[PDB]
Amino acid sequence: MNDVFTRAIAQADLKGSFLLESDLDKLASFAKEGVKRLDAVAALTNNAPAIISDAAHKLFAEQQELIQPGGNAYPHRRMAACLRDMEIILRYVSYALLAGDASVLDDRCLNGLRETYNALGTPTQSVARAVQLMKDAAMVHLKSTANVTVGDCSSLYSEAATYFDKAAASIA
Amino acid sequence: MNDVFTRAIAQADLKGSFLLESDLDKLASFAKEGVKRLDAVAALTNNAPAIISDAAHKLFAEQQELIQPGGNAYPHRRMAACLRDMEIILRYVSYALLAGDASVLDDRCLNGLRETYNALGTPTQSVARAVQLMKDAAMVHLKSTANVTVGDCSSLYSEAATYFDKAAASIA
Amino acid sequence: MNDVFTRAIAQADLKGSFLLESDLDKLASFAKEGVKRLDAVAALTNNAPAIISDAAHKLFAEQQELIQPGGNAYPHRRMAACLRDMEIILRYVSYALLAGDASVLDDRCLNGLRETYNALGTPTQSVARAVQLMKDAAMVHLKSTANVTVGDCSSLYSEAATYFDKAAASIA
Amino acid sequence: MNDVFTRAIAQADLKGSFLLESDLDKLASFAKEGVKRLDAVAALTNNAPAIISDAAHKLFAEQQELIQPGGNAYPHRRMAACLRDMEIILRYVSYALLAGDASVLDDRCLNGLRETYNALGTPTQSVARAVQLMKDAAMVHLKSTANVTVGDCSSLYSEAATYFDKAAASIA
Amino acid sequence: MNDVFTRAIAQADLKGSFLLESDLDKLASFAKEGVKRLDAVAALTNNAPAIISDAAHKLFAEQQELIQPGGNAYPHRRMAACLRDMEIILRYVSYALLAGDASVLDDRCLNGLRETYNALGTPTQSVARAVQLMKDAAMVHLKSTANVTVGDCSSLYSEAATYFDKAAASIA
Amino acid sequence: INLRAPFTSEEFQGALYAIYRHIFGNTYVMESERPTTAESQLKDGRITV
Amino acid sequence: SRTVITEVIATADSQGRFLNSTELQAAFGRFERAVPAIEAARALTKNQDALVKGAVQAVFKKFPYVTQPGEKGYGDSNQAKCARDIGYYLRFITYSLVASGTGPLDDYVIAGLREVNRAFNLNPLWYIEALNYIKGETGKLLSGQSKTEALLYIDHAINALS
Amino acid sequence: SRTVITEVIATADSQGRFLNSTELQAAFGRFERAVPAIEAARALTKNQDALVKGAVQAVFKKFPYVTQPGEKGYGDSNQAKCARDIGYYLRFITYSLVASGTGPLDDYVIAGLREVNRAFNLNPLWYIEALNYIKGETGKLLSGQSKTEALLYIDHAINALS
Amino acid sequence: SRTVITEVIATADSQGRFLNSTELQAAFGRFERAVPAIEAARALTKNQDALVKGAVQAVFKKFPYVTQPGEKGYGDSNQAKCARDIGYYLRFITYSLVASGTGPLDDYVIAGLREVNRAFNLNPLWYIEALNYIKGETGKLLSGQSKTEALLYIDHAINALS
Amino acid sequence: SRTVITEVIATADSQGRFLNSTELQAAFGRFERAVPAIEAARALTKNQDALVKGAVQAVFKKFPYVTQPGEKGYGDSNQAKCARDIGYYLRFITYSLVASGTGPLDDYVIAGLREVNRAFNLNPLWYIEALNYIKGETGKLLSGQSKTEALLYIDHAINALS
Ligand SMILES: CCC1=C(C)/C(=C/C2=NC(=C\c3[nH]c(/C=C4\NC(=O)[C@H](C)[C@H]4CC)c(C)c3CCC(=O)O)/C(CCC(=O)O)=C2C)NC1=O
Ligand SMILES: CCC1=C(C)/C(=C/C2=NC(=C\c3[nH]c(/C=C4\NC(=O)[C@H](C)[C@H]4CC)c(C)c3CCC(=O)O)/C(CCC(=O)O)=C2C)NC1=O
Ligand SMILES: CCC1=C(C)/C(=C/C2=NC(=C\c3[nH]c(/C=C4\NC(=O)[C@H](C)[C@H]4CC)c(C)c3CCC(=O)O)/C(CCC(=O)O)=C2C)NC1=O
Ligand SMILES: CCC1=C(C)/C(=C/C2=NC(=C\c3[nH]c(/C=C4\NC(=O)[C@H](C)[C@H]4CC)c(C)c3CCC(=O)O)/C(CCC(=O)O)=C2C)NC1=O
Ligand SMILES: CCC1=C(C)/C(=C/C2=NC(=C\c3[nH]c(/C=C4\NC(=O)[C@H](C)[C@H]4CC)c(C)c3CCC(=O)O)/C(CCC(=O)O)=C2C)NC1=O
Ligand SMILES: CCC1=C(C)/C(=C/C2=NC(=C\c3[nH]c(/C=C4\NC(=O)[C@H](C)[C@H]4CC)c(C)c3CCC(=O)O)/C(CCC(=O)O)=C2C)NC1=O
Ligand SMILES: CCC1=C(C)/C(=C/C2=NC(=C\c3[nH]c(/C=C4\NC(=O)[C@H](C)[C@H]4CC)c(C)c3CCC(=O)O)/C(CCC(=O)O)=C2C)NC1=O
Ligand SMILES: CCC1=C(C)/C(=C/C2=NC(=C\c3[nH]c(/C=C4\NC(=O)[C@H](C)[C@H]4CC)c(C)c3CCC(=O)O)/C(CCC(=O)O)=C2C)NC1=O
Ligand SMILES: CCC1=C(C)/C(=C/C2=NC(=C\c3[nH]c(/C=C4\NC(=O)[C@H](C)[C@H]4CC)c(C)c3CCC(=O)O)/C(CCC(=O)O)=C2C)NC1=O
Ligand SMILES: CCC1=C(C)/C(=C/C2=NC(=C\c3[nH]c(/C=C4\NC(=O)[C@H](C)[C@H]4CC)c(C)c3CCC(=O)O)/C(CCC(=O)O)=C2C)NC1=O
Ligand SMILES: CCC1=C(C)/C(=C/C2=NC(=C\c3[nH]c(/C=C4\NC(=O)[C@H](C)[C@H]4CC)c(C)c3CCC(=O)O)/C(CCC(=O)O)=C2C)NC1=O
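Encoded structure:
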């Protein structure tokens with residue numbers, strides 16, 4: 194598994210060289226902004242039930258066919274699997290936010306997920322829609338000014354958005 | 194796994210036949226010449242560290258790209274795995290030499306080795322070169338006339354060369 | 194782990210003869226009261242959460258010390274272990290009641306149950322009291338004849354009381 | 194696991210000295226009668242089920258109560274277990290015979306046997322009698338001078354008797 | 194396994210009360226000097242092979258019967274086991290030092306160590322002496338003021354000595 | 004490979020080799036990654052295979 | 043109880059090694075974050091009764107039917123158990139603040155929570171609304187990193203109950 | 043097949059180690075014992091027809107009843123299968139003699155023997171009688187050690203049948 | 043590689059749960075310790091050539107015999123490989139300083155170190171002497187927390203060799 | 043210890059079967075080879091003093107720097123320990139010869155060799171040189187197969203060292 198530091202180190206090892214001063218400056222800036230990054234990760238973790246609940250409500254309001262008999266979330270076991278999956282993907286998005294790298298998200302969550310869903314009959318368009326709705330709910334929670342020090346966290350917002358978008362693209 | 198005797202027996206069973214007199218003569222010759230085979234196997238076993246060290250030195254003298262950053266024996270772990278591989282292959286060649294049959298190389302040492310190396314990304318030409326170097330360094334210890342009664346062991350040398358070449362050709 | 198029919202068979206084979214006609218009549222009577230016993234077991238099974246809830250309420254009403262910090266039913270982990278033990282005891286009582294045997298009860302848990310409670314430090318007399326409260330709730334459920342046809346069930350009630358007493362006595 | 198050679202070496206290493214010329218003479222003697230020992234082991238192996246059957250027939254013709262219901266070997270599976278135990282102990286006696294040492298029987302067969310039979314209620318006296326009956330049958334089969342070169346082998350008979358008697362003593 | 198904070202919370206909870214002003218004072222005092230304790234743990238960790246080498250040299254100078262044949266450190270296997278045990282005990286003392294509590298030293302390392310040594314014939318006095326010698330070397334290494342900011346650490350020296358003496362008393 | 008409570012050094016080391024070859028999927032485990040404390044507990048009899 | 047230091051030692055022990063820079067830096071972060079956390083614990087401890095009575099009143103406001111006769115919250119004993127439960131929750135939140143981990147929360151609350159609430163028909167939403175009241179009050183009883191710590195632990199409790 | 047050389051190699055390979063003096067001495071013992079075993083196999087091969095015919099007739103002598111119509115030993119096909127089976131047993135015994143191990147008997151006759159005999163209602167006592175026969179004549183066909191190896195293998199087959 | 047962040051994330055992942063306050067505190071300590079660690083890494087990067095030359099000369103001073111004919115220090119290739127190895131250790135030490143964890147050293151150097159030094163007959167004491175020299179020199183290149191970070195990683199490598 | 047007989051019986055026990063031809067032949071090879079092994083044991087035991095002194099001198103010739111002060115071999119105590127260790131190796135080689143197995147060497151020397159040598163900073167090349175000297179002097183006063191056995195066991199020890 195990787196973070197920004199391990200990724201840079203691996204690239205330098207491939208080059209066979211020391212980390213350059215520009216790379217050290219990039220990593221210094223990363224570690225400097227790490228406190229904001231921890232705030233964002235805590236925003237994801239503390240508000241996760243709300244994010245999943247809002248995404249699920251909007252998703253099943255949009256696609257009533259998913260909760261009807263013959264739908265892919267019809268019985269309780271299928272709905273529970275749906276909600277479980279949503280929580281798992283959000284949790285690996287939070288891990289990738291903390292790491293600053295998407296390696297854990299790719300290796301663990303999105304590894305063979307498209308083929309799993311294809312073999313299950315799970316509509317991958319609807320999974321991607323669910324991931325988008327979680328992205329929206331999360332973006333509302335990470336932008337919250339309450340209980341933090343006001344400051345510029347647009348880089349974190351964009352990075353979290355990239356993680357969500359990469360999840361939804363890998364699935365669909 | 195098979196030795197020479199069980200291989201003859203298996204080839205005789207497909208015919209529904211008892212072992213012939215010529216087959217029994219061949220097996221009696223094999224056993225009667227077995228003390229030299231034991232000496233050769235002891236020669237491979239007792240000089241195994243020397244064989245592997247010599248072959249490794251030559252291999253990384255010819256091919257510096259294996260031990261450069263980015264090379265496939267670069268870090269200590271990859272080099273350690275390389276040395277394990279050489280020791281394993283030499284050990285199995287000694288097994289085959291004792292058995293008089295290559296069945297233990299086919300069934301065990303080379304059973305999925307090419308696929309292993311292909312999936313890992315290991316250059317199988319360099320592996321075959323390592324096996325060739327081990328063959329070159331093992332012929333010396335086989336042909337060493339000290340501490341043993343003198344005699345004609347050209348057949349044993351040829352058989353050992355066929356085992357080494359079988360390993361090399363199954364790798365590449 | 195043997196049933197009343199198997200107890201009769203075991204005794205018969207210990208004495209080495211066939212089953213006696215009086216024994217055969219006793220087992221026929223057991224089969225005749227089998228439907229009695231199945232209604233009793235259904236009463237135990239369907240009302241099990243209610244029985245355990247009532248028994249726990251009464252037990253922690255009459256023994257407040259278990260509730261307090263430092264008590265044995267404190268915190269949630271120990272309260273859950275308490276309720277789980279009550280569930281296991283009631284389950285075993287229903288098993289024995291269906292079986293018609295009490296050895297199936299003593300061989301099932303009661304061998305290790307007491308000294309497990311001792312190694313933990315759990316007061317065995319409080320477990321006996323909990324079993325007795327479960328007995329009272331179980332009785333007030335088996336006597337309940339709503340939506341069940343009416344008739345004498347003195348044997349079932351006596352045997353259920355015997356099994357509850359056996360649990361509460363082997364624990365304490 | 195130990196044999197005569199390893200036992201002598203262990204004693205010497207406890208003293209911290211080399212093996213003595215008397216010890217070397219004794220071990221050379223032991224290995225000179227090795228073919229005698231191989232014939233004894235073959236007599237035990239080739240005739241093992243005949244030995245077990247004869248011992249079982251004699252034991253049940255003597256200790257009649259085991260056959261009868263309520264007896265130790267009465268149930269058909271318990272007869273199976275009886276014969277299995279006899280076969281196992283004969284196998285380990287032949288092991289100790291080939292090894293030339295006794296304690297290999299004591300290690301993996303006899304240390305955990307007495308309390309096992311006591312917990313199971315098996316009379317150790319009957320087991321010891323069964324071992325002695327196998328001793329007599331195997332003594333008859335070992336003394337058989339046909340099929341083998343005639344020679345004095347009283348020491349082998351003494352050693353086999355010591356192993357059988359030690360097994361019986363450990364069981365009972 | 195506990196630390197000082199968890200032990201304090203446990204004592205508070207057994208009474209059922211919030212943590213007192215004195216308790217929070219003591220815990221904040223522990224926390225403010227915790228960075229001082231990190232250097233003690235680092236001194237233990239960074240010099241562990243040197244500490245164990247000095248302790249082993251002095252122990253086998255004092256008690257030569259151990260490394261003599263017949264002693265319990267005589268073969269390579271037993272000497273390696275002895276050095277491994279020194280490694281283990283020093284590791285657990287370092288864990289106790291970082292945690293501020295000896296719970297890890299007693300729960301995991303020393304639960305049945307005396308019984309193990311007694312059943313194996315290890316002289317527990319010798320192991321306690323090895324622990325004392327390790328303590329002496331550890332004190333020599335903790336008190337080095339090179340590469341650290343000079344300050345009072347008699348509390349850490351005392352606490353480390355207590356952990357070492359507790360391990361020694363547990364073994365002996 | 005069956006490893007009882009009492010065993011010799013050869014039996015122990017061979018059982019360790021078999022265990023690491025199967026449980027780690029024929030993947031190389033270097034000398035630094037090998038668990039010494041767990042091997043010791045298994046050597047004493049505190050844990051079974 | 044699983045805290046920063048306990049997790050440190052558990053990892054090192056499981057890998058059979060000494061504590062090195064990774065673990066020592068994690069412990070360093072624990073020690074640096076100690077003082078706002080103990081500050082929050084002190085602030086929540088001084089305000090025992092205000093928080094607990096306010097939380098009980100908040101529960102009885104959000105679920106008015108509970109206080110009516112024939113319901114779980116009717117009776118003086120039930121009210122006292124309201125106060126006792128909210129005080130237990132606050133106590134373990136302060137313990138977690140002290141220990142720099144959810145260890146006290148997991149051991150004393152989160153483990154066995156759902157089965158106990160099922161067996162006694164205690165609605166987790168009551169406690170969730172009480173904890174939300176505690177959060178709102180802590181928002182002003184504390185400031186800065188102490189407030190962040192307290193909120194993190196209260197939200198862990200909530201998400202365990204939700 | 044389980045032979046001396048094969049078990050040597052397999053035991054060394056299971057521990058991931060080279061062939062040492064112990065295993066080389068075992069191999070030496072095999073290579074020395076080859077001469078008696080191979081010429082015993084030679085003798086058994088040269089006399090296969092007489093041995094098999096005598097074995098079939100010995101089975102018919104110790105079990106007269108099977109010869110009568112309506113049961114196993116009746117008919118040309120059944121007796122041809124008797125001869126074929128006894129030839130199979132002799133063939134794999136000679137195989138084991140040559141290979142210096144019970145491997146061929148273990149892998150070709152003994153693995154799956156009871157299930158097959160049970161399914162086809164074949165008495166192991168017939169084959170035991172045939173092998174006791176073959177044992178008796180291999181006594182006089184062979185002298186010295188060769189007799190010894192031949193009889194170890196024949197008795198191994200008999201023990202497998204019982 | 044095993045860093046503070048990576049162990050945090052792997053712990054939460056193996057437990058199937060979100061990152062809680064304890065792990066955020068560990069991460070916070072990492073992000074703080076980064077400033078001295080990156081400063082130490084930059085200082086060691088500037089002076090890598092001087093450090094390598096000094097370490098090689100220290101190795102030759104403490105083991106004067108290796109440079110003698112017939113031993114591993116004789117020839118220009120062997121001493122070039124000396125300089126290469128010291129460069130490797132220094133580079134991976136700076137990697138572990140940047141990464142805030144022993145991961146680069148464990149993965150790239152320590153994993154396989156013993157087998158390799160044993161196969162090629164490299165004495166670990168040579169590298170221990172070189173690393174002790176580098177330790178002494180960085181004692182003069184750095185100060186404060188940079189010094190202790192660099193020293194901790196250096197003697198992690200040293201204990202790995204011994 | 044791992045001898046021919048012990049490996050035989052262990053393999054037979056692991057399958058839960060009796061001892062048969064494929065095991066008796068291995069034991070036969072052991073009994074055949076016993077005579078050269080015991081003769082080699084007598085030869086190595088009679089000449090043990092000269093062998094040990096010559097081996098120590100060979101070590102000090104090949105590694106002269108060891109004798110210089112501040113090195114491992116300086117001092118009479120260290121050199122006495124050298125003589126003691128070479129005597130240990132020779133004694134266990136004699137044991138292994140007698141038992142016809144690597145069992146004595148494995149149990150008393152090989153098991154734990156690397157860790158013990160690393161902890162006390164003992165160079166395996168010293169012992170390799172001493173065993174090479176013992177091999178050379180075993181080239182004399184041993185003839186034929188006994189010399190072969192002694193050389194095989196010494197080469198086993200050397201291979202374990204390196
Ligand atoms: C086949 C088995 C199955 C069951 C049993 C089932 C129950 C169920 N009911 C739901 C909606 C709902 N169900 C209720 C419950 C009712 N509404 C109120 O009028 C009453 C008080 C109460 C009935 C006693 C409510 C309030 C919702 C809306 C919750 C929301 O906003 O998502 C949902 C969420 C998805 C949706 O329909 O929007 C499920 C999964 N679903 C299943 O697939
Ligand atoms: C217990 C675990 C832990 C956490 C959670 C933590 C977060 C943390 N956030 C901080 C401030 C901050 N936090 C943020 C981030 C917020 N501001 C923006 O509006 C966004 C809405 C949002 C991020 C998405 C910002 C911008 C600062 C100011 C510090 C700076 O800009 O350098 C600080 C520095 C002290 C302060 O200025 O208040 C810390 C230590 N540290 C820890 O050890
Ligand atoms: C990335 C981690 C890594 C390390 C650390 C590493 C060390 C390393 N150094 C080597 C060469 C060497 N290294 C040395 C050691 C130095 N030379 C002498 O001048 C000094 C006395 C001595 C000072 C320490 C020697 C003598 C060799 C030659 C090896 C040989 O020919 O046998 C080799 C053998 C392969 C080769 O031919 O290059 C390795 C594996 N390799 C790695 O992949
Ligand atoms: C049947 C017995 C057997 C064999 C033969 C065997 C070979 C083998 N070699 C492996 C790795 C390896 N093998 C090599 C060796 C190559 N490097 C090149 O420079 C050399 C030319 C060449 C060796 C001479 C290397 C470097 C690796 C590690 C690959 C990596 O770490 O990515 C692996 C994967 C295990 C792992 O990577 O941890 C196997 C299975 N395994 C077995 O159980
Ligand atoms: C413990 C393990 C063990 C070993 C190693 C062993 C070897 C062994 N080597 C022998 C002689 C011999 N050894 C050899 C082999 C050598 N001749 C050439 O120099 C080759 C370079 C080399 C083989 C590649 C030869 C040709 C003989 C002559 C005996 C014969 O050919 O029959 C003999 C028979 C003695 C004789 O009649 O001369 C044995 C038993 N025996 C054992 O029990
Ligand atoms: C699937 C489980 C199951 C149930 C639910 C069940 C009910 C049941 N009870 C029966 C007889 C009966 N069972 C009872 C038992 C009752 N006496 C008291 O009122 C108690 C409330 C209760 C016992 C605790 C009685 C009184 C009768 C009828 C009298 C008789 O024929 O003996 C019968 C046989 C009558 C028929 O089918 O025509 C059934 C099916 N039987 C079952 O196998
Ligand atoms: C393949 C397995 C194998 C076996 C079975 C074996 C036994 C064996 N028994 C032998 C003769 C013998 N066999 C015995 C056995 C005794 N004789 C008495 O009648 C007793 C009943 C019996 C006690 C067990 C004796 C005493 C000798 C002669 C010993 C000698 O050669 O000095 C011989 C030497 C025959 C010769 O070459 O002239 C061998 C090799 N060796 C093997 O490698
Ligand atoms: C929970 C942490 C833990 C501890 C503490 C531990 C110690 C430990 N030491 C043991 C044996 C041993 N311990 C020693 C050490 C002593 N012998 C004396 O000679 C010396 C004075 C002294 C060395 C300083 C020795 C030599 C043995 C082997 C005894 C034997 O094989 O008979 C054993 C049992 C067998 C083994 O694995 O070797 C354990 C479990 N193992 C663990 O997993
Ligand atoms: C990577 C892991 C890590 C370590 C190792 C670490 C150590 C560390 N030691 C420090 C000072 C110190 N270091 C010590 C050490 C003591 N001084 C005495 O000479 C004793 C011999 C010795 C006991 C070992 C002391 C007493 C202080 C002063 C602490 C204070 O001012 O409160 C400081 C603060 C420097 C400052 O701001 O003034 C740190 C961060 N921090 C970390 O994150
Ligand atoms: C250490 C952690 C811990 C907690 C938190 C805990 C909660 C708890 N509260 C209980 C009683 C209770 N607690 C309440 C609380 C309710 N009252 C209503 O007014 C409110 C809506 C609501 C408060 C928010 C009620 C109604 C009961 C009675 C439940 C019953 O007996 O059925 C009980 C059952 C004890 C008994 O029956 O004697 C438990 C286990 N127990 C623990 O060991
Ligand atoms: C029975 C198997 C066995 C062996 C083989 C063995 C070797 C051995 N030799 C030792 C001492 C030693 N042995 C030597 C040997 C050196 N002296 C120099 O003249 C030579 C160059 C060189 C020998 C070739 C030295 C220097 C020491 C002292 C190590 C020290 O304590 O610093 C020690 C440590 C003694 C202690 O506990 O203090 C061991 C374990 N021990 C055993 O139980």
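Line order of the protein sequences matches chains A, B, C, D, E, F, G, H, I and J. Counting with the working numbering, you get residues 194 to 365 for the letters of the first sequence. Counting with the working numbering, you get residues 194 to 365 for the letters of the second sequence. Counting with the working numbering, you get residues 194 to 365 for the letters of the third sequence. Counting with the working numbering, you get residues 194 to 365 for the letters of the fourth sequence. Counting with the working numbering, you get residues 194 to 365 for the letters of the fifth sequence. Counting with the working numbering, you get residues 4 to 52 for the letters of the sixth sequence. Counting with the working numbering, you get residues 43 to 204 for the letters of the seventh sequence. Counting with the working numbering, you get residues 43 to 204 for the letters of the eighth sequence. Counting with the working numbering, you get residues 43 to 204 for the letters of the ninth sequence. Counting with the working numbering, you get residues 43 to 204 for the letters of the tenth sequence. Beta carbons: idealized from backbone N, C-alpha and C, even for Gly.
For residue i, which option in the options has the closest C-alpha, if you only look at C-alpha atoms?
| i | options | result |
| --- | --- | --- |
| residue 188/A | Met327/A, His250/A, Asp358/A and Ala292/A | Within the shown structure, residues of chain A are numbered from 194 to 365, placing residue 188/A beyond reach of any answer. |
Would you give the residue range spanned by the alpha helix (DSSP H) that residue i belongs to?
| i | result |
| --- | --- |
| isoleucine 364/A | 347-364 |
If the cut-off is 9 Å on Cβ atoms, which residues from the stretch 225-254 of chain C count as contacting chain G, listed in chain order?
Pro242, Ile245, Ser246, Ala249 and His250
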